[PDB]
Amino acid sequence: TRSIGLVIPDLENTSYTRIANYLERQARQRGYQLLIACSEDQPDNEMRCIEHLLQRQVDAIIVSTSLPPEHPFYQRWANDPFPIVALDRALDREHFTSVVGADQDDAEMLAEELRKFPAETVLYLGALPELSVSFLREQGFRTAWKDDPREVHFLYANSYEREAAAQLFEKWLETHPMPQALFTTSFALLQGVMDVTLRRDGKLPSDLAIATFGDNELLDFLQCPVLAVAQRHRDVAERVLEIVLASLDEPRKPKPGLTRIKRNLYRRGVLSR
């Protein structure tokens, strides 16, 4: 049918949507169509989303899976010429080619740059440390702060939400002082922090080195140094499809496993002037 599937959580998170843009422009570039099927990050929906695509004779499916990488569903096409390429969330490494992010290196690069700033109190706010993205990003931080003499207080929330971040930061400040360097592993985490700072200070900070995953351009309006990393949204889209159309239009299928694209760093706030 000359059509490719893309099962993502939703067309609302900016990361997935901007990739899906450069994937439309490059799908129609080669004559193929893109059929978006959202799971709302529900494994029940994703399983059915996939099933409805097979019924539409899609030639290939790119997927950011909500289920475990190794789980009975996807091991149905473990040994199948039917290609399933993973994005952002890896699948079984021995059976599927996944294009993922370089969270560890990315965290390290961001952390190295934050370390140069002359803070005393340095706070690391993350969430769900038991998870992969959470831990990979912690290692990256520690790598760059390994032999640094300053003590970094780590603080972990129950989810990557701003509501949670508000509470946990609001509590933290009772028994700790306002930090001078901040490393947040999500943009949503940083929002929570700012909410409380706005109520406490009456104004968003001007003497604080912020470092965060995820990037909005409105961070240029801050009057403090801001460091932020974002995906190479086009570059990500190139490789996911170049693996799809390798599996279709060549005898040798691509070798399974992971492949990583680094994030870009952006200087926002006062560092943009």
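Residues carry their position along the shown sequence, with the first being 1.
- Comparing 76-84 with 124-132, the higher mean C-alpha B-factor in the PDB entry belongs to 76-84.
- Across the two stretches, 189-197 and 90-98, the PDB entry reports the greater mean Cα temperature factor for 90-98.
- Considering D215, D235, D220, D41 together, the PDB entry gives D41 the largest C-alpha B factor.
- Within the selection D103, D147, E113, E161, the deposited Cα B-factor values reach their highest point at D147.
- Annotation for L23: C-alpha temperature factor in the highest third relative to the rest of the modelled chain, per the entry.
- Annotation for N13: CA B-factor lies in the highest third of the chain's modelled residues.
- Residue-level temperature factors show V229 in the lowest third of its chain, judged at the C-alpha atom.
- Sort the modelled residues of the chain by CA B factor and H153 lands in the middle third.
- The entry lists a Cα temperature factor for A209 that places it in the lowest third of the chain's modelled residues.
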